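Below is one structure, written out as structure tokens, with a few remarks after it.
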Amino acid sequence: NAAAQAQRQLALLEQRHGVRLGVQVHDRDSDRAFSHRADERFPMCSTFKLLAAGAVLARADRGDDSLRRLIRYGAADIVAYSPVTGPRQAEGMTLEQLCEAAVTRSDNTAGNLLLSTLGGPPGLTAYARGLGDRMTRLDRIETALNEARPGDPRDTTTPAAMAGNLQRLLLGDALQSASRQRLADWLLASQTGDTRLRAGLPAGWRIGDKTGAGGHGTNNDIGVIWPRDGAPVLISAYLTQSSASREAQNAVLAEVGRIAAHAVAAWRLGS
């Protein structure tokens with residue numbers, strides 16, 4: 001069937017690029033799924049920012065925080081790759097501006113500032129447990145969490161666990177409808193994955209995605225695909241142990257996107 005063909009394609013792709021690849025895809029239209037290593041652990045890298053923004057939105061939903069709250073921070077708090085938070089440091093930024101910077105732009109200081117409102121990495125882990133995710137754990141802050149050492153449990157998820165979180169946050173009831181829309185909008189506005197999953201999608205399809213990259217040849221992309229004419233598709237793609245360049249890694253993820261889009265189309269056509 002289409003799921004078996006997609007799984008064979010992923011196995012061949014993994015072998016020819018010398019990587020360890022973890023993928024979960026779930027098409028909400030046909031309700032069908034396929035996966036590869038979906039129960040194995042992979043380093044999250046910046047993909048944690050999707051969860052962090054979800055946790056902030058959930059707090060806003062229950063009145064435990066406010067998206068309009070102004071957060072002050074110092075030059076001493078700035079870490080690498082902070083294109084939004086760096087220039088705004090003296091004036092501060094609101095919680096919603098920080099969520100947008102973290103999700104849409106992958107701003108690292110923004111991610112750390114979100115974590116600071118959640119009780120740190122332990123707060124994000126607790127949030128994941130509340131979503132029914134028994135695997136994901138965050139232990140470090142940016143950029144330490146990007147080490148991505150094989151075998152290290154810190155700062156890891158599984159493709160299946162993260163796909164479940166995408167479902168609850170974007171498509172289910174973990175967030176109120178308005179907050180669900182905000183998160184989708186921040187993800188759909190991202191460009192950081194233009195050469196990753198999005199590059200493999202048919203014309204007119206959209207993806208709201210969160211990328212990440214780290215040590216040991218780690219490069220990830222997770223999100224929700226909205227096809228041109230179909231219900232949403234959850235996708236979580238984690239790649240690690242590449243010996244190749246970043247551009248080569250990105251092209252592997254683009255091919256995962258093509259494999260996923262073809263399976264969705266095949267389920268639609270009845271192939």
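Every chain in the structure tokens takes a letter, A first, then B, and so on in the order presented; its residues are numbered from 1, and the ligands are numbered from 1 following the presented order.
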Need to verify the contact set: residue 238 in chain A, 6 Å, only C-alpha atoms, exclusion of same-chain residues closer than 6 positions in sequence. Can you return it as a PDB file with C-alpha atoms, in the first residue's frame?
ATOM      1  CA  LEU A  21      16.043   9.438  10.037  1.00  0.00           C
ATOM      2  CA  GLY A  22      12.844   9.574  12.094  1.00  0.00           C
ATOM      3  CA  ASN A 220      14.906  18.706  11.770  1.00  0.00           C
TER       4      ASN A 220
END
Which range 18-129 of chain A residues have any atom within 7 Å of an atom of range 7-13 of chain A, and for each, what is the nearest pair of atoms with distance in Å to one decimal, counting only C-alpha atoms, rows sorted by chain and number, as a Markdown table?
| residue | atom | partner | partner_atom | distance |
| --- | --- | --- | --- | --- |
| A:34 | CA | A:7 | CA | 6.6 |
| A:35 | CA | A:7 | CA | 6.4 |
| A:36 | CA | A:7 | CA | 6.4 |
Deliver the residues from the most recent selection as a file, using N, CA, C and O atoms, as an mmCIF file, in the first residue's frame.
data_model
loop_
_atom_site.group_PDB
_atom_site.id
_atom_site.type_symbol
_atom_site.label_atom_id
_atom_site.label_comp_id
_atom_site.auth_asym_id
_atom_site.auth_seq_id
_atom_site.Cartn_x
_atom_site.Cartn_y
_atom_site.Cartn_z
ATOM 1 N N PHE A 34 2.062 6.908 8.115
ATOM 2 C CA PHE A 34 3.252 6.098 7.898
ATOM 3 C C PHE A 34 4.369 6.624 8.789
ATOM 4 O O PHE A 34 4.324 7.759 9.276
ATOM 5 N N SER A 35 5.380 5.787 9.009
ATOM 6 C CA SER A 35 6.429 6.205 9.925
ATOM 7 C C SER A 35 7.713 5.430 9.684
ATOM 8 O O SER A 35 7.731 4.371 9.047
ATOM 9 N N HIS A 36 8.792 5.972 10.242
ATOM 10 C CA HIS A 36 10.109 5.349 10.204
ATOM 11 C C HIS A 36 10.805 5.793 11.478
ATOM 12 O O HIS A 36 10.963 6.995 11.704
#
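Proximity to residue 101 in chain A at 9 Å, evaluated using only C-alpha atoms and with sequence-adjacent residues fewer than 4 positions away removed, yields residues 82, 83, 84, 85, 96, 97, 105, 106, 107, 108, 110, 111 and 186 of chain A.
CA of residue 254 in chain A is positioned 27.6 Å from CA of residue 128 in chain A.
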Query raised in the report: If you run DSSP on this backbone, which residues of range 53-263 of chain A come out as strand (DSSP E), and could you give them as a ChimeraX atom specification?
Result: /A:70-71,93-94,156-157,206-214,218-226,233-240
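The space separating CA of residue 173 in chain A from CA of residue 187 in chain A comes to 17.9 Å.
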Query raised in the report: Which polymer residues have any atom within 12 Å of an atom of residue 59 in chain A, counting only C-alpha atoms, with same-chain residues fewer than 2 positions away left out, as JSON, numbers by chain?
Result: {"A": [52, 53, 54, 55, 56, 57, 61, 62, 63, 64, 65, 66, 67, 95, 114, 117, 118, 123, 127, 174, 175, 176, 179]}
Report task. Extract the full set of alpha helix (DSSP H) residues from range 30-101 of chain A according to DSSP on the backbone, and format it as a VMD selection string. Result -> chain A and resid 48 to 61 85 to 88 95 to 101
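The shortest atom-to-atom distance to residue 16 in chain A, with only C-alpha atoms taken into account, belongs to A:248 out of A:225, A:189, A:248, A:75.
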Counting only C-alpha atoms, which residues of range 46-87 of chain A sit at most 12 Å from some atom of range 146-154 of chain A, and what is each one's closest atom pair with its distance in Å to one decimal, listed by chain and rising residue number, as CSV?
residue,atom,partner,partner_atom,distance
A:46,CA,A:146,CA,7.7
A:47,CA,A:146,CA,10.4
A:48,CA,A:146,CA,10.7
A:80,CA,A:146,CA,12.0
Generate a file of the selected residues that holds N, CA and C atoms, formatted as a PDB file, in the first residue's frame.
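This is the output file part-v7.pdb:
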ATOM      1  N   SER A  46      15.935  23.364  17.808  1.00  0.00           N
ATOM      2  CA  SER A  46      14.964  24.452  17.926  1.00  0.00           C
ATOM      3  C   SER A  46      13.516  24.019  17.744  1.00  0.00           C
ATOM      4  N   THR A  47      13.241  22.759  17.397  1.00  0.00           N
ATOM      5  CA  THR A  47      11.839  22.368  17.293  1.00  0.00           C
ATOM      6  C   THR A  47      11.105  22.492  18.625  1.00  0.00           C
ATOM      7  N   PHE A  48      11.826  22.560  19.752  1.00  0.00           N
ATOM      8  CA  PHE A  48      11.157  22.753  21.034  1.00  0.00           C
ATOM      9  C   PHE A  48      10.360  24.050  21.072  1.00  0.00           C
ATOM     10  N   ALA A  80      23.508  33.509  20.772  1.00  0.00           N
ATOM     11  CA  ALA A  80      23.700  33.515  19.329  1.00  0.00           C
ATOM     12  C   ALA A  80      22.377  33.374  18.583  1.00  0.00           C
TER      13      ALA A  80
END
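Taking CA of residue 177 in chain A and CA of residue 28 in chain A as the two end points, the separation is 18.0 Å.
The closest residue to residue 205 in chain A, picked from A:79, A:26, A:145, A:231 and counting only C-alpha atoms, is A:231.
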